[PDB]
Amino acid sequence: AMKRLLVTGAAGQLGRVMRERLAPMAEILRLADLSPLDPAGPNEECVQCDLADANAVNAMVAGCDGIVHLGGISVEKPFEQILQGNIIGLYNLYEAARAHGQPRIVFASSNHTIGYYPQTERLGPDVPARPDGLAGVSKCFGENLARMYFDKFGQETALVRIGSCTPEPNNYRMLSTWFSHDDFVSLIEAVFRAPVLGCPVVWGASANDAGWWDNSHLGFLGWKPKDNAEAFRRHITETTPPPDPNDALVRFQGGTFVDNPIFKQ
């Protein structure tokens, strides 16, 4: 599919998965993270750098034909860390791409951009943001920045609002939010194969009977997820306590993130 694909956040949980699963997409896979990476094998390059370091990010991106941007802060943390990984880091990534041929980007956004919506409300891609903490706010920043680079320079980005990308659903909320490895992989393949992408919002979930999100406007991309969290409903009842109706886990799309305070260093 391409000569060189960059995967950032490659030492993280999703990154380790994609390091294996996206190998067939490119002759060379370049893996990057702030954290130490397992050594490069055949057809791999490994890079260590902070997203907040502009010169390092420039070098990280140079020579890459595509980027799967998983690197950054995924859970609620103090502002200082979010600022570095998700705000400054995003600016540096977009500037680096702009300097090196505008390789297409798959951005790991988050359901936390809309975490304060009730689970009873079905959402299209144009709904106003309701971020459930600083992490969500920073993912909104990434989306707004990507949109600006698209309108201004034509840089294309898939804004993937990831639900819960896990080996299997493991609580009641994931019956709605589960995004299987297979379905995220197929989405990434669909994003890179498209002649024209634009800067679309993509709801990152499998084809769950209990899904909250409407991807119908993305029809042009031809991506239909195949897995379905509903198959795990009994598994969940037989492995977890029944949710309290007052629990954020079943009240808000962001789940317990709404209960987070502003964390401090």
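From 1 onward, residues are counted along the sequence shown.
Novice: Mind pulling up the entry and telling me whether 179 to 187 or 74 to 82 has the higher mean Cα temperature factor?
Specialist: Comparing 179 to 187 with 74 to 82, the higher mean C-alpha B-factor belongs to 74 to 82.
Novice: Per the record, averaged over C-alpha atoms, which has the higher B-factor: 203 to 211 or 50 to 58?
Specialist: The entry gives the higher C-alpha B-factor average to 50 to 58.
Novice: Between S35, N228, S216, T237, which one tops the list for Cα B-factor in this entry?
Specialist: It is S35.
Novice: Compare the CA B factors listed in the entry for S164, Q155, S110, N170 and report the winner.
Specialist: Within the set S164, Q155, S110, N170, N170 shows the top C-alpha B-factor.
Novice: Within this chain's modelled residues, let me know which third the CA B factor of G255 belongs to: lowest, middle or highest.
Specialist: According to the entry, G255 has a C-alpha B-factor in the chain's lowest third.
Novice: Give the position of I114 by CA B-factor within its chain, expressed as the lowest, middle or highest third.
Specialist: Bottom third by C-alpha B-factor.
Novice: Could you place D132 in the lowest, middle or highest third of its chain by Cα temperature factor, using the values in the record?
Specialist: Tercile = lowest for this residue's CA B-factor.
Novice: According to the PDB entry, is the CA B factor of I28 in the bottom, middle or top third of its chain, that is, lowest, middle or highest?
Specialist: For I28, whose C-alpha B-factor we compare with every modelled residue in the chain, the answer is the highest third.
Novice: Among the modelled residues of its chain, does the C-alpha B-factor of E121 lie in the lowest, middle or highest third?
Specialist: Answer is lowest: the recorded C-alpha B-factor places it there.
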